[PDB]
Each structure stands twice: as C-alpha cells, then as structure tokens.
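Going by the deposited numbering, the letters in the sequence shown line up with residues 1 to 188, in that order. For every residue, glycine included, the Cβ atom is placed at its ideal position computed from N, Cα and C. Worksheet: one structure, shown below.
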Amino acid sequence: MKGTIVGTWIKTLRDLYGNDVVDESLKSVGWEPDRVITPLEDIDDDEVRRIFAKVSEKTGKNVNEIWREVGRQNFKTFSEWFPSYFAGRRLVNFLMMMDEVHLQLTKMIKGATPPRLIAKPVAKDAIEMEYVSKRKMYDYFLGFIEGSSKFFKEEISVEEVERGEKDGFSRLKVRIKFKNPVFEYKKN
Ligand code: HEM
Numbered sequence: 001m002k003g004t005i006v007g008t009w010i011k012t013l014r015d016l017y018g019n020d021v022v023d024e025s026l027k028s029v030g031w032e033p034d035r036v037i038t039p040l041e042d043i044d045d046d047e048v049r050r051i052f053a054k055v056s057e058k059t060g061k062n063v064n065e066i067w068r069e070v071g072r073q074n075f076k077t078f079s080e081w082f083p084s085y086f087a088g089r090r091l092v093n094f095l096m097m098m099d100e101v102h103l104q105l106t107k108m109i110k111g112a113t114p115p116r117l118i119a120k121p122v123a124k125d126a127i128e129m130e131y132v133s134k135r136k137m138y139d140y141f142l143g144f145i146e147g148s149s150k151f152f153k154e155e156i157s158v159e160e161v162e163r164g165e166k167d168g169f170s171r172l173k174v175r176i177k178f179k180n181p182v183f184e185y186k187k188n
C-alpha cells in the first residue's frame, strides 16, 4: 500500500480514537509511534491489517466498523492533503472520474494498485458505482463514498445492491441517488 493513503489512515485513526490507541497499535507492529510516512514509500498490507486489529482490540470495536468510520473521516483527511483531485464543482462528475483517476495511478505510480470504480448513470438522479478489487475493503469503500457527500456538500443516499467474490476479485455495486437530478436524457 502506498504511503499516501496509509499516512492518511494513521492521522484519521488519531482523530477518531486518539493518540494512545494509535501509538500502541503502531508500536505493536514495530513502528515508531511518531513515524513520518512519506507519500511514495510502500507499506506492507499485512502491517496495516495488524495495526487495525490492534485498534479494534483496544476500542472494542469490530474492525469492519472501524473501517466504515475511517472511510467517512478519511475523505476529509485525504482531500486536505491531496487537494488537486478534489477541486471539481459537482460530486457526480467527481464520482464518474474516479475510475480513470485510479487507473492513472496504477499506470504511473510504482507499487500502486487502487481498485476499479466503474460508474454508470442509471436514472436522472442516480449512478451505479462498482468497486472491484483484489483487496476487500467493502466498509472503507462505503464510508469514503459517504465522506465525499459531506465534502461536496451534496446530499445522497447510498444503497448497496450487489456484493460477492468472483475469480479472485471482491465486488460491491452501490446505487448512489442524489436529492436533486443530475442527468437528462439526450438522443443518441
Ligand atoms: C469517491 C472517491 C474514491 C473512492 C471511492 C476510492 C476508493 C479506494 C479504496 C476503497 C481504496 C483501497 C484499496 C482497495 O480497497 O482496493 C483505494 C486506494 C487508493 N486510492 Fe482511492 N478512492 C477515491 C478517490 C481517490 C482519489 C481522488 C485519489 C487521488 C490520488 C485516490 C488514490 C488512491 C491511492 C493512492 C490508493 C492506494 C493504492 C495502493 O496503495 O495500491 N483515491 N481507493
């Protein structure tokens, strides 16, 4: 996992559960509690997993619930640190651009393998987005979408319609519905 994202996870964990929970969790995997994570270094996926398991242990929270909360709050943490990607006007266009943004990172950044996020308009007020990953971060994905709403200041409802694993991939399709319409039909 790239330092960019893991660094935001560590800060977000602190904002949610405080410095002691985090310091101990990092110490438990052999990090300095005050480790400065750089954007382009690589962090072992399993060390992140063990860190989050420690947070779970020390907070009595299910890890999936932690990931859900981290997702929501991390949208803020991440958008503040990497603003270039979060300056658009409309949530819907942001969401539609995400598959290409991730694809560009896969292409151009060594060691980066973000998930597919193919989005598809399905109604004048809704899009379908499908998370497809070799990882499985269903709850983080859900929380991050929810965090995007608070940032663009646009109300949405997020409805999960499909979940499952096939051929090595975790897959989660959500239907994102906007209070106010965002598409109109146009002749082919
Ligand atoms: C609503 C918008 C977004 C969603 C839903 C989303 C979703 C995710 C998720 C769930 C992961 C965890 C990896 C996985 O589960 O497979 C991930 C990884 C990542 N994402 Fe995003 N993302 C969004 C926007 C962005 C933006 C704007 C950037 C700008 C650089 C970005 C950069 C990254 C990076 C660098 C990783 C780590 C990839 C790796 O370490 O292999 N994401 N994304």
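Span separating the alpha-carbon of residue i from that of residue j
| i | j | result |
| --- | --- | --- |
| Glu24 | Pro33 | 7 Å |
| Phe183 | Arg68 | 29 Å |
| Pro181 | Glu159 | 17 Å |
| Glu80 | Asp15 | 14 Å |
| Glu130 | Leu26 | 32 Å |
| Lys120 | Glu128 | 5 Å |
| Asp125 | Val55 | 38 Å |
| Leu91 | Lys153 | 8 Å |
| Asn62 | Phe52 | 10 Å |
| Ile43 | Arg175 | 32 Å |
| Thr106 | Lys187 | 35 Å |
| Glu47 | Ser157 | 33 Å |
For residue i: DSSP bridge partner residues
| i | result |
| --- | --- |
| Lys177 | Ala126 and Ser157 |
| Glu162 | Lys173 |
| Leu117 | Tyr131 |
| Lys2 | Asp42 |
Cβ-based burial, residue i [other Cβ within 10 Å; buried from 16]
| i | result |
| --- | --- |
| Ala87 | exposed |
| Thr12 | buried |
| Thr4 | buried |
| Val122 | exposed |
| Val101 | exposed |
| residue 249 | Examination of residue 249 is not possible in this model, given that the chain is present from 1 through 188 alone. |
| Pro83 | exposed |
| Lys2 | buried |
| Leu117 | buried |
| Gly30 | exposed |
| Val36 | exposed |
Any non-hydrogen atom of the ligand SAM within 6 Å of residue i CB
| i | result |
| --- | --- |
| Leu105 | The model on display carries the ligand HEM but not the ligand SAM. |
Worksheet item: Do the segment 72-81 and the segment 132-150 touch if we need at least three Cβ pairs shorter than 8 Å?
Response: Touching, yes.
Practice prompt. Return the chain-ordered ranges of every alpha helix (DSSP H) run that is complete within the segment 18-97 and spans a minimum of 4 residues.
Written response: Listed in chain order, the alpha helix (DSSP H) elements of length 4 or more contained wholly in the segment 18-97 are 45-59 and 63-81.
Item to complete: Determine contact between the segment 94-102 and the segment 165-173, defined as no fewer than three beta-carbon pairs at a distance below 8 Å.
Response: By the Cβ test, the segment 94-102 is not in contact with the segment 165-173, since fewer than three Cβ pairs between them sit closer than 8 Å.
Worksheet entry | the segment 167-187 contacting the segment 130-139, beta-carbon criterion three pairs below 8 Å | Output reads yes: the segment 130-139 touches the segment 167-187.
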